[PDB]
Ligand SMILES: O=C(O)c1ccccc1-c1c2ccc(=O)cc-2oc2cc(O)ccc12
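Coming up is one lone chain in structure tokens, specifically the form solved without the named molecule.
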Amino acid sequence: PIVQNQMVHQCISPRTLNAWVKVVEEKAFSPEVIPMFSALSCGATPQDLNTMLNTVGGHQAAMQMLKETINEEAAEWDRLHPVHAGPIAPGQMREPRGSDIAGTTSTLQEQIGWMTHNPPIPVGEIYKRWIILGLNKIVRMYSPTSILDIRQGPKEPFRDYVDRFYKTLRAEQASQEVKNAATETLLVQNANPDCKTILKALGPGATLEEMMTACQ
């Protein structure tokens, strides 16, 4: 990555490389893997971002969908920021293309130059955005269960049902508005008869704390 002490390139650490590989091995495309990807790639160059994706041995269908997302974003970058086709000014910073941000057509030195310019051209953060957009599509793709089939079992603790409910909603990537809203509708409709009766009785404007307390 690029770190302080002034802004300089540092080798990606064995600890970082290993954490990323292990999390994918243990968690595949469970949603929590995305924020972990983001955090492990703090200060990453495009090269570092390619390194972490390349070190993954499985999930090559995901990696191939991911490349499709990156080309779409690359093409929209190029549509928005076309670069003049002439030869570059001797010893001057060339403008980055989509493929330069994705690190397919840029060197580490070019990447350093952009990310440490004043002001920075933050190619690391631009590419991380493309990748995370791509990873989110995959999370949703690999979400195995519709929220509509998350229903509380006759003998299932309400807390365990809410855990499954909100885990499913996270993979299906319903926004926060739909997370706080489902609280007074689908969460209750999908509750078992006993709890549903208690939750109906509470009235509307019940916090999730109040609902969860109410169903024991």
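Shifts are known only where both forms have a C-alpha. Think of the rigid core as the biggest set of C-alphas that the two forms share within 1.5 Å after superposition. A residue's number is simply how far along the shown sequence it sits, counting from 1.
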item: Entries skipping residue 172: at least a third of other ones; value: no
item: Absent coordinates for residue 91 in a third or more of other compared entries; value: yes
item: Length class of the unmodelled deposited segment, which would lie between residue 5 and residue 6; value: 1 to 3
item: Of 181-189 and 161-169, the one with larger mean CA B-factor; value: 181-189
item: Which of 35-43 and 144-152 has higher mean CA B factor, as the PDB entry lists it; value: 144-152
item: Deposited CA B-factor, highest of 103, 134, 122, 82; value: 82
item: Top residue by Cα temperature factor, when 11, 199, 17, 23 are compared in the entry; value: 199
item: Chain third (lowest, middle, highest) by recorded CA B-factor, residue given as residue 118; value: highest
item: Assigned third (lowest, middle, highest) for the C-alpha B factor of residue 129; value: middle
item: Chain third (lowest, middle, highest) by recorded CA B-factor, residue given as residue 61; value: lowest
item: Position of residue 174 among the chain's modelled residues by C-alpha B-factor, lowest, middle or highest third; value: highest
item: Position of residue 109 among the chain's modelled residues by C-alpha B-factor, lowest, middle or highest third; value: middle
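Omitted from view is the form deposited with the named molecule bound, to which the following refers.
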query: Selected contact from 137, 94, 117, 81, since only one has a non-hydrogen atom within 4.5 angstroms of the named molecule in the deposited bound form; finding: 81
query: The named molecule contact at residue 113 in the deposited bound form, heavy atom, 4.5 Å; finding: no
query: Non-hydrogen atom within 4.5 Å of the named molecule in the deposited bound form for each of 77, 122 and 129; finding: yes
query: Shared-residue segments moving between this form and the one not shown, Cα shift 2 Å or more over 3+ consecutive positions, core-fitted; finding: 174-177, 181-184
